[PDB]
Amino acid sequence: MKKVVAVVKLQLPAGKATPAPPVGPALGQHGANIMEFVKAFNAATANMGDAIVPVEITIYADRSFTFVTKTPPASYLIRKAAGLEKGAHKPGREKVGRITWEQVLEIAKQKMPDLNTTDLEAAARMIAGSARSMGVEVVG
Amino acid sequence: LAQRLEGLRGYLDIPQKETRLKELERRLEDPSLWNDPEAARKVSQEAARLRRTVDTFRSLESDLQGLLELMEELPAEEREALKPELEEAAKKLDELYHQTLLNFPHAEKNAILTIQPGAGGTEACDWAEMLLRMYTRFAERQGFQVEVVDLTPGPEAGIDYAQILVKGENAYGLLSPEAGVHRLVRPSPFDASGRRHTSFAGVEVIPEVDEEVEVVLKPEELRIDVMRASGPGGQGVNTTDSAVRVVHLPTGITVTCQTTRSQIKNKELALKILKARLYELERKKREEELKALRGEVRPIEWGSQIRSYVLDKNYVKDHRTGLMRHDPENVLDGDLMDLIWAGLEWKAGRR
RNA sequence: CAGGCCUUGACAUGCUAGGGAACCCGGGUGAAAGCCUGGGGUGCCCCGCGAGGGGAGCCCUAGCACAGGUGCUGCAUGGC
RNA sequence: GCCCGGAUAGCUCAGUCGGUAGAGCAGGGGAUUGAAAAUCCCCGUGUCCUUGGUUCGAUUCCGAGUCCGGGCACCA
Ligand SMILES: [Mg+2]
Ligand SMILES: [Mg+2]
Ligand SMILES: [Mg+2]
Ligand SMILES: [Mg+2]
Ligand SMILES: [Mg+2]
Ligand SMILES: [Mg+2]
Ligand SMILES: [Mg+2]
Ligand SMILES: [Mg+2]
Ligand SMILES: [Mg+2]
Ligand SMILES: [Mg+2]
Ligand SMILES: [Mg+2]
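Header annotation of the entry names X-ray crystallography as the structure determination method and lists the resolution as 3.10 Å.

Next comes the structure, spelled out in structure tokens:
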């Protein structure tokens, strides 16, 4: 989340990104380019690792933008702890994953920034909610 | 080498469609187009087609370089440990296989095979008695089950008419190709000299689709009138609205009735007919609407074979492809994966 | 037919290279095939006691020309 | 709709007082034939229409039903 009157927030891929499939052209309708966010973009994705990179965009109408990178969505970061790829067509009590007690504090070393709370436990109980979103169990 | 063929059967779909995504992913980068509630949906269909056209051409050039690198035909460790690395990376090459076999508008449901004889007479009928067992094993090897709807012999030798229904996942898609008239050349048993003879017999293939039997013409499109009786009668034939007329508008059919001396016994007895004529003219369609869905090839004359079978010199001549197998006797056992392998190409290759 | 192996190969012929030129009992491993492997030593043509290797058998591995097929056609044929 | 008759082997039909079930053709295995017929010996062969009741047991007798075939539907 950044500013308005010419912005867009997406969760880019990881490794490669230039074509149009994921969102390649969607950022162009609201003003964009092909040579500004492809190679001169994966400088961050090459660092964030792989999987997902919730980095977004902000238009100015002159090929300029505020590429403020972000931490993988709490929706994905949970599939790593448990293992599942999707989560569940429908959450509830059943889910193809598992997450022990301190399993949620494994991400405590991940999500600490913009959550709202600097600490690890006053910000982890938030991801315990994404365990009631996708379904992913909470061993305990 | 069985993957230099298949591996490049999808290497031609690259350029043809490649530069096409350019003139499509270039209509997405502009909103001015979206204004069209549908010309912005249709484009997002082509935009999303770079799904099965950007994953294949990608993870297939890997199954061509991650194998032609460490593969010694001599038993090794860093070699026979690469085959199982491409056993499911070749078994998955089947993903592109069924893509040219499961992309039929109606290849799910069971298929129906009508093997009828033709030129060659007393022999030509024998031909169908073989092509039948030929398709019996085929479908009985791949797992599918069979249901002999009908089967009748005849005069000298062979079979007159044989109709069958076979089930099993993705069935029609496998027998649709083997559709046309098959020719045979062998020493006619039913001859004195034993001369070399030919025989023709057709094989039709149509999937089990619509089943039910219903026609509820709701009195929602009927115009019922009630004029005064005609003919004899009495002080009442002039007074009562006996005669009734029910009208069908989406067709143009009209039925009348003065058989009795009551309007209510005539409008229902006049309806008891419109139901009829309709079911006949509503079915006359099912005769013409299903006679072009099957196709056209079926003359059985000399000069129209899809595949030619020969026991003489012994070989099979697929006329549709240009291929000329040498195992005829072997095919008559159900072995048809390969002629259909080529048949699911020549056929579904023009559309 | 299922499974485990072998490629000038089970066999013919000529040829190629440093090997090598009769050669003999095992060890290991595996279902066997096979892969691998632990020792004796070559009459001799004989410059020649010698170093050496010309050396006839001629086995060992790589390479070449080829071998191989109860695969098809008995209406392409012989013979029977 | 009113009244009368039906439905029995796969096809067309015989039958029982209520305690069997039958025919002819078709179809299945042999025989002749060089081979198909024809012919020839051997055979299977039924929830007796749906459904309820009567009965010690109903294909059978009963009340309703689905379908088929006939005779009626006149004096205005
Ligand atoms: Mg006849
Ligand atoms: Mg009168
Ligand atoms: Mg009146
Ligand atoms: Mg002869
Ligand atoms: Mg009958
Ligand atoms: Mg009895
Ligand atoms: Mg009888
Ligand atoms: Mg007989
Ligand atoms: Mg006969
Ligand atoms: Mg019987
Ligand atoms: Mg009178």
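Points about the overall build of chain B
On a plain count of helices and strands, chain B comes out with nine helices and 10 strands. In terms of overall dimensions, chain B is more spread out than a globule: its C-alpha atoms have a radius of gyration of 30 Å, far above the 20 Å expected for 351 residues. On the principal axes, the C-alpha backbone points of chain B span a range of 110 × 80 × 35 Å. Taking all 351 residues of chain B together, the buried fraction comes to 32%. The long-range fraction of contacts in chain B, counting pairs at least 24 apart against all pairs at least 6 apart in sequence, stands at 59%.

As for helix α3 (residues 124-141) of chain B
All names here are of chain B. Helix length check: α3 (18 residues) gives 26 Å between terminal C-alpha atoms against 26 Å at 1.5 Å per residue, within 8%. Here α3 has its buried residues at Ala 124, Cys 125, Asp 126, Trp 127, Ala 128, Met 130, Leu 131, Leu 132, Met 134, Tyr 135, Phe 138 and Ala 139. Directly beyond the C-terminal end of α3, a positive phi value near 110 degrees is found at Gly 143.

Notes on a nonpolar patch on the surface
All names here are of chain B. On the surface, a nonpolar cluster with roughly 360 Å² of combined accessible area is contributed by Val 213, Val 215, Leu 217 and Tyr 279. You can see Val 213 is positioned in the loop between β5 (196-207) and β6 (222-225). Given the relative accessible area of 63%, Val 213 is considered exposed.

Here we look at the environment of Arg 52 of chain B
All names here are of chain B. Its place among the elements puts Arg 52 in the loop between α2 (43-46) and β1 (111-117). Residue classification places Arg 52 among the partly exposed residues on the basis of a relative accessible area of 44%. Residues in contact with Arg 52, not counting those within four places in the same chain, are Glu 95 and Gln 99.

A closer look at the pattern of salt bridges
All names here are of chain B. Tallied over the full model, the rule gives 24 salt bridges over all chains. Between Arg 186 and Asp 126 there is a salt bridge whose closest N-O contact spans 3.1 Å. Of the two residues, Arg 186 is situated in strand β4 (residues 180-187) and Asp 126 in helix α3; the sequence distance between them amounts to 60 residues. Here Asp 126 falls in the buried class, since its relative accessible area comes to 19%. Here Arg 137 and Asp 333 are joined by a salt bridge, their closest N and O atoms 2.6 Å apart. Here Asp 333 lies in the loop between α8 (328-331) and α9 (337-346) and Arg 137 lies in helix α3, a separation of 196 residues in the sequence. For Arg 137, a relative accessible area of 36% puts it in the partly exposed group. Shared partners join several salt bridges into a network, and the residues in it are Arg 325, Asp 327, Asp 335 and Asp 338.

Parameters at a glance
Note on numbering: every chain is counted from 1 along its sequence as written, possibly out of step with the entry's scheme, and residues lacking coordinates are dropped from view. Chains and ligands are labelled by the order in which they are written, letters from A for the one and numbers from 1 for the other. Reported quantities concern only the chains on display, which constitute a fraction of a larger assembly. By convention in this description, side-chain values take in all heavy atoms of the structure and omit both hydrogens and water. Helical segments are the DSSP runs of H or I of at least four residues, strand segments are the runs of E of at least two, and each set is numbered from the N terminus. Radius of gyration here uses only the C-alpha atoms, and the compact-globule reference equals 2.2 Å multiplied by the residue count raised to the power 0.38. Only protein chains enter the area calculation, which uses a 1.4 Å probe; residues under 20% of their type maximum are buried, those over 50% are exposed, and those in between are partly exposed. In this description, contact between two residues means that some pair of their heavy atoms is separated by no more than 4.5 Å. An expected span of 1.5 Å times one less than the residue number is assigned to each helix. Patch construction takes residues with relative accessible area above 30% that form no salt bridge. Like charges are linked within 9 Å, and nonpolar side chains (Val, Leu, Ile, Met, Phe, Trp, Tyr) are linked within 5 Å. What sets the accessible areas is the Shrake-Rupley method with a 1.4 Å probe; for residues, cover comes only from the shown protein chains. Each salt bridge in this description consists of a side-chain nitrogen of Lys or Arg and a carboxyl oxygen of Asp or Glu lying within 4 Å of one another.

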